[PDB]
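One structure is given below, encoded as structure tokens.
Read-outs: derived from the displayed coordinates by stated rules, not from any lab. A quick note on method: Cβ atoms are made from the backbone with ideal geometry, for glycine too, and the neighbour counts reach across all protein chains shown.
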Amino acid sequence: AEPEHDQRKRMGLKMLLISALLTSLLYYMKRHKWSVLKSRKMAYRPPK
Amino acid sequence: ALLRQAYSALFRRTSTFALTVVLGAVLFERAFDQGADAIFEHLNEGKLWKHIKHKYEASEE
Amino acid sequence: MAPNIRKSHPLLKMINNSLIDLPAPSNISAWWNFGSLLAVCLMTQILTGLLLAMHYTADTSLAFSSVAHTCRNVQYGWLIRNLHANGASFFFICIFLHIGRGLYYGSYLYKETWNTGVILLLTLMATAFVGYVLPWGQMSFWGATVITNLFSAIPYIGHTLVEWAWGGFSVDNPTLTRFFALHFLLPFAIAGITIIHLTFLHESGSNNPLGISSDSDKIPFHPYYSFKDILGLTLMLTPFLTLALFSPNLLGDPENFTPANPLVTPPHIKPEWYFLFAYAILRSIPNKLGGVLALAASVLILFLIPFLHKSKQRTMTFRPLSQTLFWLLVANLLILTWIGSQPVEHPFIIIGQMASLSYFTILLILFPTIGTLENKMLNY
Amino acid sequence: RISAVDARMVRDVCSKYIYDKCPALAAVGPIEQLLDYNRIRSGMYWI
Amino acid sequence: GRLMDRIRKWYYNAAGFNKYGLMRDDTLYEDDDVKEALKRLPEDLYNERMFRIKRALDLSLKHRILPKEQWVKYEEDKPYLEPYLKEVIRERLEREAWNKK
Ligand code: HEM
Ligand code: HEM
Ligand SMILES: CO/N=C(/C(=O)OC)c1ccccc1COc1cc(C)c(I)cc1C
């Protein structure tokens, strides 16, 4: 019924490893850029 | 310090950065494939044709 | 012209003024990632679909086998096939969260951006409908049968609107061929309209989780949301592929591995998960026509959401009452989905009509009401 | 010391102190149009 | 008795926009009336409302809130826009009715 069975699961593997590796990196990159807004501080200084 | 070396050498000049990514992808592939197949196969000892193959490959009829 | 060729060029100014220098709220959350996924999702279906269409044969005598051939003989055909069929799901999952988000944070107040969305949804639904008939399996055939057969319940122009769609007297080759064409077509219509959707959007700009002017703090789409969206992509893409690569048929009905046959009605004819909810409301009203209208309105109801907003605030962030009502609705939908996958027998039948009943009530009566009452509790 | 400077020298010295560095920025007034340190930071590299 | 008060104070704390330092009026959806109203606010009240919001947005982006101490308290919430807003609506209802006339 599914001759591909094997190759398809060998693929599923490579997929997770890469997927894991890549999602990690991209999370860092996303965090790294947003860091500028995340840390960011602000004050209201009317000229009272 | 590798990070600095890597920075100045590879990552600083946007042109070498891309060059690194290319050669880097090349090496990464070759190895990531080998290791994964190796993991997959090992995980399935004697179940693959690659394994049982010898029993009929030049040893019959 | 201007200094940088990004804002002056008649095209780079487009890519730029809608994906790079585009003003976006500093706080839009993860529930804002689905727009891009939906987009990405779309391009991917069209790509996988074309690749499949290049090996498909639209003819009752070869439909089922052309697909089988594609999986069994075409290089990576088996893969492409998966991705496409499963991509339909990712698509719907994505589109339902996209909608949910819109309901919860009052994005629908962006009337045109919204109504075009509704139109997008409808088109997508039709698309998956015709697409499902293509492999010509048992479910493909009977699904086509069950559904198209409802029109004959419309008055006068009924029995005709049907023998017209079928191009004959029953679902047969004539129908299959026009469905392939229709399926090949609609995705482009979708892409088209998707452009319009984003255009109306850009007029106002993105709404945001708090529902208050975000002009006080806007950020350039890039890199903030470029990166944020790409992350959202991989995060979702992971389970998609996981399900698609390890449990290929977790979702698909097996009756569709059996070539369609008009002399055998399957035991339980039911749609893919993403139609269940509507299949349930369809069967709640036992009266071929009434059930049809009830289905019709189960989706067309979205066009009314904008006019049923009574809150003084845009989002549900600060309206704990609406929230639970909202989550009640969500759950209300799971139940309806569950019912759709069940046979027409007690207890299901009653449980069925109930959820249906509540569904419309929550959206037509409760929400508007609770919202009014809520304003009074703020002393407004 | 000034006649010693040639283009080649200027490039190497500016690269040394300017290229890819994270700068300090001070904005005062109706500054809404100038934005994002990120964007400004990326202006620190590539011709 | 004080039922309405208990309720209002409850729902107020229930909604929890004070956790962001927002006043009730700071959360109003900006429809046409609200829009005119804000335009009538005195320079200061407007700037104060402005910062209050931008503050709450930066909080939402950060996924945080104000420390319990800074939360707006039900009875210290100043309804700065409502007086104006009601007028804008009065004026309009007048014009509106007068034009059918
Ligand atoms: C496949 C078609 C669709 C695609 C590709 C699409 C794409 C987008 C994109 C890219 C965005 C901006 C980012 C975001 O907020 O998600 C967006 C926003 C929006 N879409 Fe869609 N959309 C689709 C369907 C719909 C549907 C079905 C509805 C609802 C009935 C809808 C309602 C909205 C609204 C109201 C916004 C405003 C978001 C906000 O800022 O609050 N869209 N859509
Ligand atoms: C809006 C995007 C699309 C959606 C939602 C979609 C959905 C579907 C669905 C649900 C099926 C049945 C899959 C199955 O379970 O077997 C299908 C099949 C098919 N689709 Fe699409 N499709 C889309 C776009 C396309 C496009 C643009 C083409 C190519 C021009 C295409 C060509 C096909 C073909 C050849 C089949 C038959 C093969 C099969 O059954 O898998 N699709 N599509
Ligand atoms: C051709 O039948 N395709 C089906 C499917 O699930 O496609 C994805 C299918 C299979 C079995 C029974 C009913 C259907 C279609 O039913 C539909 C179709 C649409 C459009 C809607 I709104 C609502 C329902 C309930």
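How large is the charge dipole for segment A:4-48, taken about the Cα centre, if only the Cβ atoms of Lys, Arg (+1) and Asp, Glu (-1) carry charge, to the nearest 20 debye? All intermediate terms of the calculation are to be shown ahead of the outcome.
Working: 12 positive and 2 negative charges, 112 e Å.
With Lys and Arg at +1 and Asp and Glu at -1, about 540 debye.
Ordering D:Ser15, C:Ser284, C:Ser61, C:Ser26 by the number of other Cβ atoms within 10 Å of each residue's own Cβ, fewest first, gives C:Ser61, D:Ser15, C:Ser26, C:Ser284.
Compared with the dominant principal axis of the Cα atoms in chain C, helix C:367-377 is inclined by about 20°.
Taking only DSSP H segments of four or more residues, each worth -39500 (n - 2.57), what value at 222 nm results for the protein assembly as shown once the sum is divided by all its residues, to the nearest 500 deg cm²/dmol? Value at 222 nm, helices only, nearest 500: -20000 deg cm²/dmol.
Taking Cα centre as origin and charging only the Cβ of basic (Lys, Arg, +1) and acidic (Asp, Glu, -1) residues, the dipole magnitude of chain C rounds to 700 debye.
What is the total of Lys pairs in chain C with C-alpha atoms under 18 Å apart, excluding same-chain pairs fewer than 8 positions apart? For chain C, the number of qualifying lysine pairs is 6.
Cβ-Cβ distance of C:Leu161 and C:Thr123, R₀ of 25 Å, FRET efficiency by 1/(1 + (r/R0)^6): the value works out to about 0.85. Using the Cβ-Cβ distance between B:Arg4 and D:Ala26 with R0 set to 25 Å, the FRET efficiency works out to roughly 0.25.
Between the Cα long axis of helix C:63-72 and the first principal axis of chain C there is an angle of about 70°, rounded to the nearest 10.
Ordering B:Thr16, C:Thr194 from the fewest to the most neighbouring beta carbons within 10 Å gives B:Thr16, C:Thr194.
If exposed trypsin sites (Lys or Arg not before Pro) are those in a DSSP loop with at most 15 other Cβ within 10 Å, what is the longest stretch of chain C that has none? With trypsin sites (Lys or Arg not before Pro) excluded where exposed in loops, chain C gives C:8-309 as its longest stretch. Compactness check for segment C:305-380: Cα Rg over 2.2 N^0.38 Å is 1.31. In angstrom, the C-alpha Rg and Dmax of segment A:4-48 are 21.5, 75. For chain E, with the dipole built from +1 on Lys and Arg beta-carbon atoms and -1 on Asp and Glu ones, taken about the Cα centre, which of E:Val34, E:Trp71, E:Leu57 lies farthest toward the positive end? The residue sitting farthest along the positive end of the dipole is E:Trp71. Here segment C:214-284 is treated as a sphere whose radius is the Kirkwood value from Cα pairs; by Stokes-Einstein at 37 °C and 0.692 mPa s it diffuses with a coefficient of 197 µm²/s. Take the Cα of E:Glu36, step 7 Å toward its Cβ, do the same at D:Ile40, and the gap between the two points is 4.1 nm.
For chain E, what is the relative contact order in percent, using Cα pairs closer than 8 Å and at least 6 residues apart in sequence?
On the way: 65 pairs, mean separation 42.9, N = 101.
Reported as a whole number, the value is 42 percent.
Take the Cα of A:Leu17, go 7 Å toward its beta carbon, and the backbone nitrogen atoms of segment B:13-48 under 13 Å from that spot belong to B:28-43.
Place a point 7 Å from Cα of E:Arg95 in the direction of its Cβ. Which residues in segment E:19-48 have their backbone N less than 16 Å from it? Label zone hits: E:31-40.
All Cα-Cα separations within segment C:1-152 were binned at 10 Å from zero, giving a P(r) of 9, 28, 28, 21, 12, 3, 0, each value a whole percent of the pairs. In loop segments of segment A:4-47 as defined by DSSP, the chymotrypsin sites (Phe, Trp or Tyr not before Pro) with at most 11 further C-beta atoms inside 10 Å of their C-beta are A:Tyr44. Label positions at B:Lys55 and E:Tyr74, each projected 7 Å from the Cα along the C-beta direction, are separated by 8.0 nm.
The equivalent ellipsoid of chain B has semi-axes of 45, 12, 7 Å, largest first, where each one is the square root of 5 times an eigenvalue of the Cα gyration tensor. Remark: C:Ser8, C:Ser170 ranked as C:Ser8, C:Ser170, counting other beta-carbon atoms within 10 Å and listing the fewest first.
C:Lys7 label point, 7 Å along Cα→Cβ, cut-off 11 Å on backbone N: hits in segment D:21-47? Those under the cut-off are D:33-35. Think of the protein assembly as shown as a dipole: +1 on every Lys or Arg Cβ, -1 on every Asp or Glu Cβ, centred on the Cα centre; then among C:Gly77, C:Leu37, E:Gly21, E:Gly21 lies furthest on the positive end. Note on the protein assembly as shown: dipole from Cβ charges, positive end direction compared against C:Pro220, B:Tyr56, C:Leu62; the farthest Cα belongs to C:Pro220.
Here is the size of chain C from its Cα atoms: Rg then Dmax, 22.5, 72 Å. Angle, helix C:34-53 long axis vs. longest principal axis of chain C, Cα atoms, 0 to 90°, nearest 10? Rounded to the nearest ten degrees, it is 30.
Please report, in debye to the nearest 20, how large the charge dipole of chain E is about its Cα centre when each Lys and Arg carries +1 at its beta carbon and each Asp and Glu carries -1 there.
380 debye
Looking at the protein assembly as shown from every direction and averaging, what is the projected area of its Cα convex hull in nm²? All intermediate terms of the calculation are to be shown ahead of the outcome.
Numbers: hull surface 188.1 nm².
Mean projected area for the protein assembly as shown: 47.0 nm², to one decimal.
The length gained by stretching the chain between C:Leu251 and C:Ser341 to full extension, at 0.36 nm per residue less their Cα-Cα distance, is 31.2 nm.
So which trypsin sites (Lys or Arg not before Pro) in chain D are both in a DSSP loop and have at most 16 other Cβ atoms within 10 Å of their Cβ?
Values: sites: D:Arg1, D:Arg8, D:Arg11, D:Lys16, D:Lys21, D:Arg39, D:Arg41; in loops: D:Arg1, D:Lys21.
Those that pass, being in a loop and sparsely packed, are D:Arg1, D:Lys21.
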